[PDB]
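Written below as structure tokens is the structure these notes are about.
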Amino acid sequence: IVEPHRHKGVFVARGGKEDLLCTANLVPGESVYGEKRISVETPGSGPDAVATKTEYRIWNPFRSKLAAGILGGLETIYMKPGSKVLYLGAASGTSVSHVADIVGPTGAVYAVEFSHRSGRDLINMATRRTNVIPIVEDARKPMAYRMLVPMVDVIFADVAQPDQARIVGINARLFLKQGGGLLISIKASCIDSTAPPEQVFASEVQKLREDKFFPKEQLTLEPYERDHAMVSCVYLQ
Amino acid sequence: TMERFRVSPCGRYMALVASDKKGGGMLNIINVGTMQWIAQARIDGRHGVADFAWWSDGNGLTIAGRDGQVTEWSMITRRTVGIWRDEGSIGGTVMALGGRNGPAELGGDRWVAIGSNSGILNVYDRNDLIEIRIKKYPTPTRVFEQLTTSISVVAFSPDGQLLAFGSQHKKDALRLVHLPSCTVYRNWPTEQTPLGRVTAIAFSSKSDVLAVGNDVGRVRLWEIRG
Amino acid sequence: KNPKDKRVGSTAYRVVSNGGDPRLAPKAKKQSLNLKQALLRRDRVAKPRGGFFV
Amino acid sequence: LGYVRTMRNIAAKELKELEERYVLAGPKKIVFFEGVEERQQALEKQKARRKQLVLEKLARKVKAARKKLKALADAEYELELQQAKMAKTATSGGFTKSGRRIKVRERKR
Amino acid sequence: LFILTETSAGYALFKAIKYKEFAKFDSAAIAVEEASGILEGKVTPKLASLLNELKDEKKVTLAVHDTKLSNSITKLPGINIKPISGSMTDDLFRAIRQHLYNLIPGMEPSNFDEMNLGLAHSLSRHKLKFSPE
Amino acid sequence: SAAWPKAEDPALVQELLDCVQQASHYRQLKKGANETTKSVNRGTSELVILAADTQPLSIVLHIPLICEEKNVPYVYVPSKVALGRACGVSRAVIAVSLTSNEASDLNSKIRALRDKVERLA
Amino acid sequence: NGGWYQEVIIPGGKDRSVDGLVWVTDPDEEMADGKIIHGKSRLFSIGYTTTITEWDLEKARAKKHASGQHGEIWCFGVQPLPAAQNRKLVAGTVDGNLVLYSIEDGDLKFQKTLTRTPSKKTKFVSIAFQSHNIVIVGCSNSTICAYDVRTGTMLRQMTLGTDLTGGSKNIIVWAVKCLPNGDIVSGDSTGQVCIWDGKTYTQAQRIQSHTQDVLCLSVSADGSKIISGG
RNA sequence: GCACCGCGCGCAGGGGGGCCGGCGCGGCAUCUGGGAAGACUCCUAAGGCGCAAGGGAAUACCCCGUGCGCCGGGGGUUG
């Protein structure tokens, strides 16, 4: 049975031994990366008993730090159907496709990636999903897509760079709204490979506070990944 | 210790390898006739100085140190002339340096042989060593992979035609190479040539007699005619 | 100093703390200072300090 | 060796699937605050069986799969060591039955 | 105070708080030629037609925020007015892009997001054929 | 170039080659590009070392793709001939891949070595 | 000109020390009418912290702080002139990683990390520049590394033996400096001073002077006199 | 609450402190111990090792002299 989760636009599938996460499919009858999907219909179709209306793509936590955070107990994702999100680190168009599903047709996703093969995946996913636009450009140079990207509400960030706080800072100063949202994933292995990861995450959140965010909360993804943090914070409020 | 040392062919200087490893090995140079310390040359490695050799006119010396580095360090300016690397030798063990008619600025020794611990013996041409600048990755005139275990002893002929190199840890590891053709002699040693475990080799001054001494403690002699 | 963190058991509630170094200078790290001091005096021992005193 | 390799590949895929399903079934999180008053407000807001059976079951299945994968890995390593001991030359690796470790410094020419 | 705002379609000018004028453009590959022309800072017919006034420089002010474009349109001598770079023109350019919903019935009472999308896909495929396959 | 996790420090190269020689004596090693590929695909490879002096680099550039997909560390040492006579082959190997086991001093050395590789990254 | 008058005292708070002090001086810029504008000199300092602090000399206080994720900084130096508007601070720290900061238009932000040494116990205790692109760092594992700034590579690794005076088998290169003619002077922990020729990065002289360890050096401007304090 | 002719006692916790003593984590020039360890070194012996069979057994462990191989010791004149 599918139930809505506390966050808007995300759903759970409950069974006798399982609890999966899923999102409403914008493109009906099609998947992307070899993902399971459930078929369901709203009640009122007893004499037929066919699952024809809603299709739900399954959201695996072991391939997305966002799914990891949502299961870890993130209290909000700052995005709803209707919002505008900027995605930094469109790693081959998986979580980007799911946040396109989350924001729905009136919501818009703008993906950013610098890798060319993940760029191929992102463009060939954006062929189908039209609420998302791709940018194959290094995220440290936001004035190469300042023309393309309008003002957004939530910045999501998963990039493997040491100056991740500076990338998020420049993209927030050029695109993020007042009182905006930021969901960032920290990879202590890429920032500092010797220090204790608690110390690394403390240094990163202090860098964001100096960068004039407001850190709401921090939760780590360690039933799912290793030494990865998820920081939820607000911009200027 | 004063174990390993070499005297210059000019006989004026004698070099002693210090026992101070710490990732970099030095060797002191001593004037012989007064037996007095005159200089100190230091190379960077991983365990120190594997081996070394004076130059033929006796002005500089070439030090092959482990982690494959080789430094040519002269006496006149008393600092390092140059540094190159043996092609992929995971660690030097012994070196030798002989011949005539080479680079006159690098001492005029034409051929340099470096034997690593993998058994591989590279033979470089010291005119090809020059790009005073030294090429950082010179190509060997020939790489020898005949012997299987770690190269123990290497000696050139005083006439610069023969090159004898031998490994000890196997029974009878010894080969003989003509120069400048760089071809291994295939009709000697045979399967029944009583070398043993070749511990030291020596060519005579006129290059007529090859002397081989094994780990049992016996010395044997071969005339070397052409 | 800074207030310690209250734990209800699953999460940790803590007050962020940046009121120490407004514009004067950052605080010196005592561990790094002692480390450099030890590299200075690796194995040496001080001479007797002063004159006649217990 | 080929047969043990195939069985190990199968067991590795199954162990990956089972660890994934077991994690999916079942100072970590930190909430920052600007002041002690807001933290106390947050504490004021805070003050104001079947899953166990299925979790123990999946845990036992994971433990069995781990033991099977370890056994196949030790078998594959043992067969590689048998190849090394029976190679066409003096080849290092593996202990003798007396305990001394086979170690040859010859290069495979 | 002439400002120079660059969206996927066109430009606007807010010299006299409130907007003064605009320049719209729709649905061409000349849009991506304009995109490359501003990714360098080169000549542009839309840019030149915007900066073309007939009297004189009444005040030598054109506020832009990328100094490459600034120090290119200085070298453009057709009107010989000068830009300034963005001396933290963050409040200005950020606030007008956020508050561009008031700009919408002023020039284009519509949504040009589809042209924006087409420009994005054109640019991205241009780069993925720059790294060809 | 495309050899971005490059190992240039000679002490680091010496440590890596000493570890490779030791693992080769323990037969905990896979030599060559194709056996490296197979070991990484089957997921047993604890660490993987490539050679930068391959004349077409594309014949080894595929290994970092699966290495990123499987989250295993890879590092470029300079000389394929050095890697070869460190393995004990007398042929120029271009990609070696050394695995892990239950317990060994070489397992502890592999943990320290991949810590140093993460430092290099 | 021989007066030596102490102008200004800026004190720091409790439990704050100062290790390094580096002025940066811009070249002599020329006005439109031929008048001369000398460089605008700024003051940077480290405090056994992970931070570099830029002090405002006019305000008689600190101006900015800068902090990258690394170890606590122990030594640092400014890249000298060849370019003109683009000069960078290079800082060696405890964990080894050569961090690299930028200073443009009065800004102080952590640009990047050049390298880090393989061993974690390698501690960087001195730094001095040979030329515009070559940095010489002195390292507590008896090491003097010559790195190159542009590609961030490792040109060479000069080394020194053990100290044979006492135990503590590592020597420590407490200071380095660079002569005008390319050679590098290096004060170490044996109380020696090592002259390294820099066309090949090798040692060319060892001079035993002090009994305990050398702590600082100074060069003549032309490169004739060496001052060694230990 | 006990005593209204009292200190003190059981109990809830709010805050800070002696940072007194233990625990955890980090580094640590050295020192100690173990492993690995240079191939001149040890490599157990003039013989040993491996694989597949065969017999015997304290029956988990082990021992012994057939067929294949892999080394080693001695001896060993340009086969």
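Residue numbering restarts at 1 in every chain; chains get A, B, ... in the order shown in the structure tokens, and ligands count up from 1 in that same order.
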
*What are the residues of chain A that have an atom within 9 Å of an atom of chain E, counting only C-alpha atoms, as a PyMOL selection string?*
chain A and resi 116-117+119-120+123+126-127+130+132-137+143-152+173-177

Would you mind exporting the chosen residues as an mmCIF file, in the first residue's frame, restricted to N, CA and C atoms?
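Listing of again.cif after writing:
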data_model
loop_
_atom_site.group_PDB
_atom_site.id
_atom_site.type_symbol
_atom_site.label_atom_id
_atom_site.label_comp_id
_atom_site.auth_asym_id
_atom_site.auth_seq_id
_atom_site.Cartn_x
_atom_site.Cartn_y
_atom_site.Cartn_z
ATOM 1 N N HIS A 116 31.793 14.795 -18.879
ATOM 2 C CA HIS A 116 31.190 14.743 -20.204
ATOM 3 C C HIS A 116 30.363 13.480 -20.412
ATOM 4 N N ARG A 117 30.721 12.373 -19.756
ATOM 5 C CA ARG A 117 29.953 11.140 -19.929
ATOM 6 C C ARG A 117 28.674 11.156 -19.094
ATOM 7 N N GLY A 119 27.502 13.921 -18.490
ATOM 8 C CA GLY A 119 26.806 14.901 -19.301
ATOM 9 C C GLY A 119 25.987 14.271 -20.413
ATOM 10 N N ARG A 120 26.527 13.231 -21.055
ATOM 11 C CA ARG A 120 25.759 12.491 -22.052
ATOM 12 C C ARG A 120 24.510 11.893 -21.428
ATOM 13 N N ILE A 123 21.949 14.773 -20.692
ATOM 14 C CA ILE A 123 21.236 15.284 -21.857
ATOM 15 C C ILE A 123 20.253 14.244 -22.374
ATOM 16 N N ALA A 126 17.341 14.412 -20.192
ATOM 17 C CA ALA A 126 16.610 15.656 -20.389
ATOM 18 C C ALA A 126 15.849 15.691 -21.702
ATOM 19 N N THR A 127 16.215 14.834 -22.656
ATOM 20 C CA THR A 127 15.390 14.643 -23.843
ATOM 21 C C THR A 127 13.974 14.261 -23.453
ATOM 22 N N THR A 130 11.226 17.141 -19.465
ATOM 23 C CA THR A 130 11.341 18.502 -19.964
ATOM 24 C C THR A 130 11.324 19.550 -18.861
ATOM 25 N N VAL A 132 13.427 19.637 -16.577
ATOM 26 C CA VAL A 132 14.819 19.758 -16.181
ATOM 27 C C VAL A 132 15.630 20.184 -17.390
ATOM 28 N N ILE A 133 16.542 21.126 -17.183
ATOM 29 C CA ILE A 133 17.443 21.589 -18.229
ATOM 30 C C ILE A 133 18.869 21.249 -17.817
ATOM 31 N N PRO A 134 19.706 20.807 -18.733
ATOM 32 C CA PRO A 134 21.081 20.441 -18.388
ATOM 33 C C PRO A 134 22.096 21.533 -18.675
ATOM 34 N N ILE A 135 23.171 21.594 -17.890
ATOM 35 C CA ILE A 135 24.307 22.464 -18.172
ATOM 36 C C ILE A 135 25.578 21.650 -17.972
ATOM 37 N N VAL A 136 26.296 21.383 -19.060
ATOM 38 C CA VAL A 136 27.607 20.742 -18.978
ATOM 39 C C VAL A 136 28.652 21.851 -18.870
ATOM 40 N N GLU A 137 28.852 22.317 -17.645
ATOM 41 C CA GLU A 137 29.785 23.397 -17.391
ATOM 42 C C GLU A 137 30.275 23.287 -15.959
ATOM 43 N N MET A 143 29.247 32.288 -14.092
ATOM 44 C CA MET A 143 28.940 33.271 -15.115
ATOM 45 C C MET A 143 29.012 32.699 -16.524
ATOM 46 N N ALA A 144 29.086 31.378 -16.665
ATOM 47 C CA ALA A 144 28.889 30.736 -17.954
ATOM 48 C C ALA A 144 27.488 30.174 -18.117
ATOM 49 N N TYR A 145 26.648 30.281 -17.089
ATOM 50 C CA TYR A 145 25.246 29.897 -17.189
ATOM 51 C C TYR A 145 24.354 30.825 -16.373
ATOM 52 N N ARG A 146 24.887 31.981 -15.962
ATOM 53 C CA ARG A 146 24.047 33.033 -15.395
ATOM 54 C C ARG A 146 22.928 33.444 -16.346
ATOM 55 N N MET A 147 23.181 33.390 -17.655
ATOM 56 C CA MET A 147 22.137 33.652 -18.634
ATOM 57 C C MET A 147 21.083 32.560 -18.622
ATOM 58 N N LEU A 148 21.486 31.326 -18.362
ATOM 59 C CA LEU A 148 20.570 30.203 -18.464
ATOM 60 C C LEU A 148 19.693 30.035 -17.238
ATOM 61 N N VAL A 149 20.239 30.253 -16.053
ATOM 62 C CA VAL A 149 19.576 29.852 -14.816
ATOM 63 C C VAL A 149 18.851 31.058 -14.230
ATOM 64 N N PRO A 150 17.545 30.981 -14.001
ATOM 65 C CA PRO A 150 16.862 32.045 -13.260
ATOM 66 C C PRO A 150 17.003 31.868 -11.761
ATOM 67 N N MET A 151 16.388 32.752 -10.986
ATOM 68 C CA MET A 151 16.524 32.692 -9.539
ATOM 69 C C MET A 151 15.777 31.493 -8.985
ATOM 70 N N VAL A 152 16.438 30.759 -8.098
ATOM 71 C CA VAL A 152 15.945 29.480 -7.622
ATOM 72 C C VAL A 152 15.653 29.577 -6.139
ATOM 73 N N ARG A 173 25.418 33.193 -4.162
ATOM 74 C CA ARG A 173 25.416 34.633 -4.359
ATOM 75 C C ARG A 173 24.926 35.020 -5.742
ATOM 76 N N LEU A 174 24.963 34.106 -6.708
ATOM 77 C CA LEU A 174 24.459 34.466 -8.027
ATOM 78 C C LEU A 174 23.087 33.894 -8.360
ATOM 79 N N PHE A 175 22.552 32.954 -7.579
ATOM 80 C CA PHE A 175 21.261 32.371 -7.944
ATOM 81 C C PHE A 175 20.294 32.133 -6.795
ATOM 82 N N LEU A 176 20.740 32.051 -5.550
ATOM 83 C CA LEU A 176 19.854 31.637 -4.477
ATOM 84 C C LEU A 176 19.040 32.810 -3.955
ATOM 85 N N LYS A 177 17.779 32.536 -3.637
ATOM 86 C CA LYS A 177 16.853 33.570 -3.212
ATOM 87 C C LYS A 177 17.075 33.927 -1.750
#

*Enumerate the residues of range 5-108 of chain D with a DSSP assignment of strand (DSSP E), computed from the backbone, and present them as a ChimeraX atom specification.*
/D:29-33

Restricting the output to C-alpha atoms, write the selected residues as a tab-separated table (two decimals), in the first residue's frame.
chain	number	residue	atom	x	y	z
D	29	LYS	CA	22.08	13.83	13.83
D	30	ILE	CA	22.90	17.33	15.10
D	31	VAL	CA	20.60	20.38	15.18
D	32	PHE	CA	22.33	23.74	15.44
D	33	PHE	CA	21.00	26.71	17.35

Kindly provide the residues of chain A that approach chain D to within 7 Å, each paired with its closest atom pair and their distance in Å to one decimal, based on only C-alpha atoms, listed by chain and increasing number, as CSV.
residue,atom,partner,partner_atom,distance
A:17,CA,D:54,CA,6.5
A:18,CA,D:25,CA,5.9
A:19,CA,D:25,CA,6.7
A:215,CA,D:32,CA,6.4
A:216,CA,D:32,CA,5.6
A:217,CA,D:31,CA,4.1
A:218,CA,D:30,CA,4.9
A:219,CA,D:29,CA,4.0
A:220,CA,D:28,CA,6.0
A:223,CA,D:23,CA,6.9

If you keep N, CA and C atoms, can you produce a file of those selected residues as a short mmCIF file (atom, residue, chain, number, x, y, z; two decimals), in the first residue's frame?
data_model
loop_
_atom_site.label_atom_id
_atom_site.label_comp_id
_atom_site.auth_asym_id
_atom_site.auth_seq_id
_atom_site.Cartn_x
_atom_site.Cartn_y
_atom_site.Cartn_z
N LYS A 17 7.20 -6.89 5.10
CA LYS A 17 8.56 -6.91 5.62
C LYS A 17 9.40 -5.73 5.15
N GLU A 18 8.83 -4.81 4.39
CA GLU A 18 9.62 -3.81 3.69
C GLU A 18 9.00 -2.43 3.86
N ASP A 19 9.78 -1.42 3.51
CA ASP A 19 9.33 -0.03 3.53
C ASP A 19 10.19 0.67 2.49
N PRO A 215 23.03 27.42 9.41
CA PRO A 215 22.91 25.96 9.52
C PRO A 215 21.78 25.51 10.41
N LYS A 216 20.76 24.93 9.79
CA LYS A 216 19.64 24.42 10.57
C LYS A 216 20.01 23.11 11.24
N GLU A 217 20.46 22.13 10.47
CA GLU A 217 20.74 20.84 11.08
C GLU A 217 21.78 20.09 10.27
N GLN A 218 22.34 19.06 10.91
CA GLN A 218 23.32 18.20 10.28
C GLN A 218 23.05 16.76 10.68
N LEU A 219 22.94 15.89 9.69
CA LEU A 219 22.76 14.47 9.95
C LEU A 219 23.68 13.71 9.02
N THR A 220 24.20 12.60 9.50
CA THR A 220 25.17 11.89 8.70
C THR A 220 24.55 10.65 8.08
N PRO A 223 24.09 4.79 7.99
CA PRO A 223 23.73 3.40 7.68
C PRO A 223 23.86 3.11 6.20
#

*Using only C-alpha atoms (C1' of nucleotides), which chain G residues lie at most 8 Å away from chain H, written as number ranges by chain?*
G: 167-168, 170

Distance table requested - chain F against chain A, cut-off 10 Å, only C-alpha atoms: one row per qualifying residue with the closest atom pair and its distance in Å to one decimal, ordered by chain and rising residue number, as JSON lines.
{"residue": "F:115", "atom": "CA", "partner": "A:193", "partner_atom": "CA", "distance": 7.6}
{"residue": "F:116", "atom": "CA", "partner": "A:193", "partner_atom": "CA", "distance": 8.8}
{"residue": "F:117", "atom": "CA", "partner": "A:193", "partner_atom": "CA", "distance": 9.3}
{"residue": "F:118", "atom": "CA", "partner": "A:193", "partner_atom": "CA", "distance": 5.9}
{"residue": "F:119", "atom": "CA", "partner": "A:193", "partner_atom": "CA", "distance": 5.6}
{"residue": "F:120", "atom": "CA", "partner": "A:193", "partner_atom": "CA", "distance": 8.9}
{"residue": "F:121", "atom": "CA", "partner": "A:190", "partner_atom": "CA", "distance": 7.5}

_With only C-alpha atoms (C1' of nucleotides) as the counted atoms, please give the residues lying no more than 8 Å from range 121-131 of chain B, apart from itself and same-chain residues fewer than 3 positions off, as a list in words._
residues 86, 102, 103, 109, 110, 111, 112, 113, 114, 115, 116, 134, 135, 138, 139, 140, 141, 142, 143, 144, 145 and 151 of chain B
